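Structure for this input, please:
(2 chains)
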Amino acid sequence: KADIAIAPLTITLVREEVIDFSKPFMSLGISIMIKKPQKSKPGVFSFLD
Amino acid sequence: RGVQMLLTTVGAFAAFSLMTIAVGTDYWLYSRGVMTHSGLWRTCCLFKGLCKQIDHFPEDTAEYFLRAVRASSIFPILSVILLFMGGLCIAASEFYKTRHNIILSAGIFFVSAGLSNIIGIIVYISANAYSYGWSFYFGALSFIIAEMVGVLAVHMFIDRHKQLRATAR
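Numbers count the residues shown, from 1 in each chain, chains lettered A, B, ... in the order given. Sure, structure below:
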């Protein structure tokens, strides 16, 4: 149905069994998403801080 | 003699009335998403006129303890009940003062109730984190009148103690 796919498709072993793949253009990995640490209320711990 | 006692009595009555007005309404003011007043129990906006209990305690363990103290106004309500108990003790000691030692304990409980009301004012100021209400200033004025009434009460107590020490010799 298509000729070539230019899209972020994950290159796996089970997808090599039917089609081919070129070399990766951009490497990546699994990351950690947290919020930015803003100013939190320190409270009673501020006296001997 | 009795004039200073009547002045202390009406000062305690005025401090209790201003504490009641501070419990009642218009303690603070906060611009919500237009200004809105609050009296440590419910909030009222300036739609305009609707009132609801906005004292929702949920949305370290010391933060949860501070939230539990700021919730339901545990300090100033018990402070006002202790002021009522001290006023009842002063009214019971004003008529037929048989024992000359209950006035000292009543004044000590009155000063401790004022200190607890100041601690509750510190809690209510710390939990606020824009303007302020008039009942907060009324509660501060009642705290000043309570401090002066405690000073006058212990002054009359040491005068009565000096009179008893002079008559006992």
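
show me where the chain has helices.
Since no chain was named, I'll use chain A. In chain A, the helices defined using DSSP state H lie at A:13-16.

you looked at the wrong chain, it should be chain B
Using DSSP H, helices in chain B cover B:2-24, B:61-70, B:74-94, B:102-126, B:134-168.

which one of these lies closest to chain A?
helix B:61-70 (5.4 Å; CB to the nearest CB). To be clear about C-beta, it is placed using only N, CA and C from the backbone, and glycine gets the same treatment.

Quick check: buried residues in that closest one?
B:66, B:69-70 (16 or more other CB atoms under 10 Å in any protein chain shown).

could you give the angle of it to helix B:102-126?
Using axes from the mean of the first three to the mean of the last three CA atoms, to 10 degrees, the inter-axis angle of helix B:61-70 relative to helix B:102-126 is 120 degrees.

So helix B:61-70, near chain A or not?
Yes: applying CB under 8 Å from any CB of the partner chain, one finds helix B:61-70 touching chain A at B:62-63, B:66.

Contact residues of chain B facing chain A?
B:60, B:62-63, B:66, B:129.

please redo it, this time with the cut-off set to 7 Å
B:62-63, B:66, B:129 (CB under 7 Å from any CB of the partner chain).

for those, which one is nearest residue A:29?
residue B:63 (36.1 Å; CB to CB).

So the closest one is in contact with residue A:42, correct?
No: at 10.0 Å, residue B:63 and residue A:42 do not qualify as touching, with contact defined as CB atoms under 7 Å.

Spit out the contact partners of the closest residue to residue B:118 other than its chain neighbours.
Leaving aside its chain neighbours, residue B:118 sits nearest to residue B:143 (6.2 Å; criterion: CB to CB, 6 or more residues apart in numbering or on different chains). By CB atoms under 7 Å, 6 or more residues apart in numbering or on different chains, the contact set of residue B:143 is B:114, B:117-118.

Next, format the residues you listed as a markdown table and append neighbour count and distance to residue A:22.
Output for those, formatted as a markdown table (neighbours: other CB atoms under 10 Å in any protein chain shown; distance: CB to CB, whole Å):
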| residue | neighbour count | distance to residue A:22 |
| --- | --- | --- |
| B:114 | 23 | 81 |
| B:117 | 25 | 76 |
| B:118 | 18 | 75 |
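
ok, residue A:6 to residue A:26 distance?
From residue A:6 over to residue A:26 the distance is 13 Å, taken as CB to CB, to the nearest Å.

Can you tell me the closest non-neighbouring residue to whichever residue of chain A sits closest to chain B?
Closest to chain B within chain A is residue A:44: 5.4 Å, counting by CB to the nearest CB. Ranked by CB to CB, 6+ apart and with sequence neighbours excluded, the top spatial neighbour of residue A:44 is residue B:62, at 5.4 Å.

so that neighbour sits right up against residue A:41, yeah?
No: between residue B:62 and residue A:41 there is no contact under CB under 7 Å: 10.5 Å.
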